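Protein chains in written order, with the entry's author numbering: chain A, 2019 to 2066; chain B, 4228 to 4371.
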């Protein structure tokens, strides 16, 4: 259920699916990898 | 109707083929067979609906009035025969006898059972009096 194709909603019709293009066979015991990384720093000049 | 139904059936077949193509390309646990069965049953239901719809459309427009009139005549004759049979049944089993039977029964009851009712009342009165005497004697002995 968590292996749904996540994509930007631009086109309604998809001739080829994400899983169909990725050619992976997924079952109920396949852990799907997810990693998100967001890095932010507000750099200031030390020379006041 | 045949042309319209053929066009609609072809469109539905194209839509079902596209949906099945989408389904196969996507992973599923065991529901692909269920979806195929649903599509097949829906196609069969569509065919049955088309076949019944063409017949009912050809029938409503006053195009097969002869069959309707003949069936109505047959049904009316059937109802007439049933009514005649019921009239014969009612004529067979009359009701004048049961009035005399119940008259005799109530005469017998009023003439005989009323003294029996009084005798039952007197016997129950004696039994209750004896029970009360026994109970009060027991209570007096217990208090003593």
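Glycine is no exception: its CB is placed at the ideal position from the N, C-alpha and C atoms.
| task | Would you tell me roughly how many angstroms separate the C-alpha atoms of residue 4302/B and residue 4288/B, rounded to the nearest one? | result | 22 Å
| Endpoints, alpha helix (DSSP H) assigned at residue 2038/A | 2036–2040
| message | Looking at the secondary structure, which residues open and close the alpha helix (DSSP H) in which residue 2043/A lies? | response | Taken as a continuous stretch (DSSP letters only), residue 2043/A belongs to no alpha helix (DSSP H), as it is neither H nor E.
| Among 4326/B, 4277/B, 4338/B and 4323/B, the one whose alpha carbon lies nearest that of residue 4233/B | 4277/B
| task | Say whether chain B places a C-beta atom closer than 9 Å to the C-beta of residue 2056/A. | result | no
| message | I want to see whether chain B comes within less than 9 Å of residue 2027/A, judged by CB atoms only; does it? | response | no
| Does the stretch 4293–4310 of chain B come close enough to the stretch 4240–4260 of chain B to have 3 or more Cβ pairs within less than 8 Å? | no
| message | Using only CA atoms, which one of 4229/B, 4362/B and 4348/B lies nearest to residue 4280/B? | response | 4229/B
| field | Contact check, residue 4285/B vs residue 4236/B, beta carbons under 9 Å | value | no
| message | Along the chain, where does the alpha helix (DSSP H) containing residue 2050/A start, and where does it finish? | response | No alpha helix (DSSP H) holds residue 2050/A; DSSP gives it neither H nor E.
| query | Under three-state DSSP, which class holds residue 4320/B? | reply | coil
| In terms of residue numbering, what span does the alpha helix (DSSP H) encompassing residue 4280/B cover? | 4258–4287
| request: Kindly indicate if chain B contains any beta-carbon less than 9 Å away from that of residue 2021/A. | output: yes
| residue 4253/B: contacting residues in chain A (beta-carbon distance under 7 Å) | 2035 and 2037
| For residue 4311/B, does the three-state DSSP call read helix, strand or coil? | helix
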